[PDB]
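Asker: Here is my input, please return the structure:
(2 chains)
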Amino acid sequence: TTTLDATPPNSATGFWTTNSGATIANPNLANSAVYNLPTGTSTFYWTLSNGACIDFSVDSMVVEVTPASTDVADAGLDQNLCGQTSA
Amino acid sequence: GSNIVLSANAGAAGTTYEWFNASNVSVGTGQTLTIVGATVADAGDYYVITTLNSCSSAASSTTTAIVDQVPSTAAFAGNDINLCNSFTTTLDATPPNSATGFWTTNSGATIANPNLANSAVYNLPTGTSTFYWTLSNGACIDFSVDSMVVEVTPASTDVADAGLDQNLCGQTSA
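Answerer: Numbering: from 1, shown residues only, chains lettered A, B, ... in the order given. Take a look at the structure below.
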């Protein structure tokens, strides 16, 4: 779960599209929420347009999801050496 | 996708009814005008002309059709709520861009204000219950939904109660 971040336009209306199942709660906002997020990466697109001037300009942003690992740091035990310079 | 249905009052026997669009063009005839599979372009002003024996009367009062669009915003609720010894909380849904939200509940939970994405909830059973966020706009009823849960665990009565310190002599285990 995350949010998007696009720069609002000065004189136009923005719009988001998604890939690989991600869901945008509000595709019309530069700061909308996204709840469906696959693992790995997906590309979100910001398409800017004004009135009849449809699909005027685009940009690409990506969201990367890495699941928590199950391994934890697990170091060995302390040792006690006599006369060694290596271990 | 729904039909627009407008209907004129009955007149004299033999009356012919003609319906006109906002743009002053014909859209069909008869007492009842049905526009099937209506779209947003069919929204707006309509008027009726009454015709008898080659005479026509003044146009009717203008009425309007309203065709609601299905919005692009999906329903979306926030993440799970997990409470320790509490039966009172608040909800968290993301407000829609161009629609109106609504909450429903299960298992007795009470929402103080079902119309708000951030309303309070005071009746909360123990265990879990599912709250639903249903998003709709105008006539486009029950358009999109999402599921959020609230988990309530009552305080336990057991407290950490460790044994007493010990004192061993020559042991490697205890």
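Asker: Find the nearest non-adjacent residue to residue A:50, please.
Answerer: Excluding the flanking residues, the one nearest residue A:50 by Cβ to Cβ, 6 or more residues apart in numbering or on different chains is residue A:12, at 4.2 Å. Where C-beta positions appear, they are placed from N, C-alpha and C, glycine not excepted.
Asker: One more: residue A:67?
Answerer: In space, residue A:67 is closest to residue A:39, 5.5 Å off (Cβ to Cβ, 6+ apart).
Asker: what about the one you found, distance to chain B?
Answerer: 17 Å (Cβ to the nearest Cβ, to the nearest Å).
Asker: so that residue touches residue A:63, yeah?
Answerer: No: using Cβ atoms under 8 Å, residue A:39 is not in contact with residue A:63, being 10.9 Å away.
Asker: So between these two, which is more surrounded?
Answerer: A side-by-side neighbour count of residue A:39 and residue A:63, using other Cβ atoms under 10 Å in any protein chain shown, places residue A:63 first with 18 against 10.
Asker: is whichever strand or helix holds that one anywhere near chain B?
Answerer: Assessed by DSSP states H and E, residue A:63 sits inside strand A:53-65. No: Strand A:53-65 does not reach chain B (Cβ under 8 Å from any Cβ of the partner chain); its nearest approach is 15.1 Å.
Asker: and that strand, what does it pack onto?
Answerer: Counting contacts by 3 or more Cβ pairs under 8 Å, 6 or more residues apart in numbering or on different chains; DSSP states H and E, strand A:53-65 packs against strand A:40-50.
Asker: Please name the residues that touch the residue nearest to residue A:67.
Answerer: Going by Cβ atoms under 8 Å, 6 or more residues apart in numbering or on different chains, residue A:39 touches A:65-67.
Asker: How much space separates the residue in chain A that chain B sits nearest to from residue A:64?
Answerer: Closest residue of chain A to chain B, Cβ to the nearest Cβ: residue A:25 (3.6 Å). Using Cβ to Cβ, to the nearest Å, one gets 20 Å for the distance from residue A:25 to residue A:64.
Asker: Residue A:26 now?
Answerer: Distance, residue A:26 to residue A:64, by Cβ to Cβ: 22 Å.
Asker: likewise residue A:24?
Answerer: Per Cβ to Cβ, residue A:24 is found 17 Å from residue A:64.
Asker: the more surrounded of those two?
Answerer: Remark: of residue A:24 and residue A:64, residue A:24 carries more neighbours, 23 against 9, as counted by other Cβ under 10 Å.
Asker: of all the residues in chain A, which ones are close to chain B?
Answerer: Residues of chain A lying near chain B (Cβ under 8 Å from any Cβ): A:1, A:23-29, A:32-33, A:35.
Asker: Dump those residues to a markdown table, plus secondary structure.
Answerer: Formatted as a markdown table, the residues of chain A next to chain B follow (DSSP: H, G, I helix; E, B strand; the rest coil):
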| residue | secondary structure |
| --- | --- |
| A:1 | coil |
| A:23 | coil |
| A:24 | strand |
| A:25 | coil |
| A:26 | coil |
| A:27 | coil |
| A:28 | coil |
| A:29 | coil |
| A:32 | coil |
| A:33 | strand |
| A:35 | coil |
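Asker: Could you identify the most distant pair in those residues?
Answerer: Maximum pairwise distance in the residues of chain A next to chain B, criterion Cβ to Cβ, is 19.4 Å, between A:1 and A:28.
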